[PDB]
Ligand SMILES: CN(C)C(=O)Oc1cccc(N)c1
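Before any questions on how it binds or moves, here is one chain, the form solved without 3-aminophenyl dimethylcarbamate, in structure tokens.
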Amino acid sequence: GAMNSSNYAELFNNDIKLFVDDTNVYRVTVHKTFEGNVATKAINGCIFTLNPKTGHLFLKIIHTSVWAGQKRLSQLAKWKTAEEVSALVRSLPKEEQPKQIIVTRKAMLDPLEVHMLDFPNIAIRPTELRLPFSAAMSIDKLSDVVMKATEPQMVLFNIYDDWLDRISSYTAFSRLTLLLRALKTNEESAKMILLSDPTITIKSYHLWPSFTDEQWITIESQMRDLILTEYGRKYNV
């Protein structure tokens, strides 16, 4: 069934599972034409496919060429997502294939189910959680590799950096979703928090700064404040 607050620790058990977020697959800028009509121009996108237990991120970059000459792009984007997720599963050794795929948007269920008919034992699940994975393109290194791509490309990351050496998956996922929620609600502020102290750097092979345990507590606190704040500036409280 649907993944929600009640069955949340299931994410960190030992059954392989992936989240799939298709938000950033089809991305456009809307602009005016010389005649004063409106048109779109696509920019490169990405499928966000994440193992929440290990942090392994399968970032499939969607190059604008995939849309050339196609109609109904928002609908096609969901089927392309499902095609590429199915291809990824087929590429993995049997013992690495997921037992469940959780889609962050319900409109991905039928496309993914149909592409995975060959995998009747892989459960395709929606969720009631409002996860902030759309903000993935606010992570500078992820945004950079998507925008620079000249062809379809899969890039592998660990979205937790080395955090699992010191904390549990549950805590790592909580930190990730807090960071991404903050970047989604107020990107400039969030990014200011993360980069303020210039003595804390991002390792070449990491996505996030090299905070000590104590510095992460301060960081996490500052992100919580931001989210309540912006929730104030938005609703006025």
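The first residue of the shown sequence is 1; numbering continues from there.
Note that the form solved in complex with 3-aminophenyl dimethylcarbamate isn't included here; everything after this is about it.
Novice: Taking 4.5 angstroms as the cut-off for heavy atoms, does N158 touch 3-aminophenyl dimethylcarbamate in the entry with it bound?
Specialist: The answer is yes: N158 has a heavy atom within 4.5 Å of 3-aminophenyl dimethylcarbamate.
Novice: Since only the chain is shown here, I'm wondering whether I124 would be in contact with 3-aminophenyl dimethylcarbamate in the entry with it bound (any heavy atom pair within 4.5 Å).
Specialist: The answer is no: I124 has no heavy atom within 4.5 Å of 3-aminophenyl dimethylcarbamate.
Novice: So in the entry with it bound, is 3-aminophenyl dimethylcarbamate close enough to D110 to count as touching (4.5 Å, heavy atoms)?
Specialist: Output for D110 is no: heavy atoms all beyond 4.5 Å of 3-aminophenyl dimethylcarbamate.
Novice: Is any part of 183 to 208 within 4.5 angstroms of 3-aminophenyl dimethylcarbamate in the entry with it bound by a non-hydrogen atom, and which residues would that be?
Specialist: Going through 183 to 208 in order - heavy atoms within 4.5 Å of 3-aminophenyl dimethylcarbamate in the entry with it bound - the hits are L183, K191, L194, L195, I202, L207, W208.
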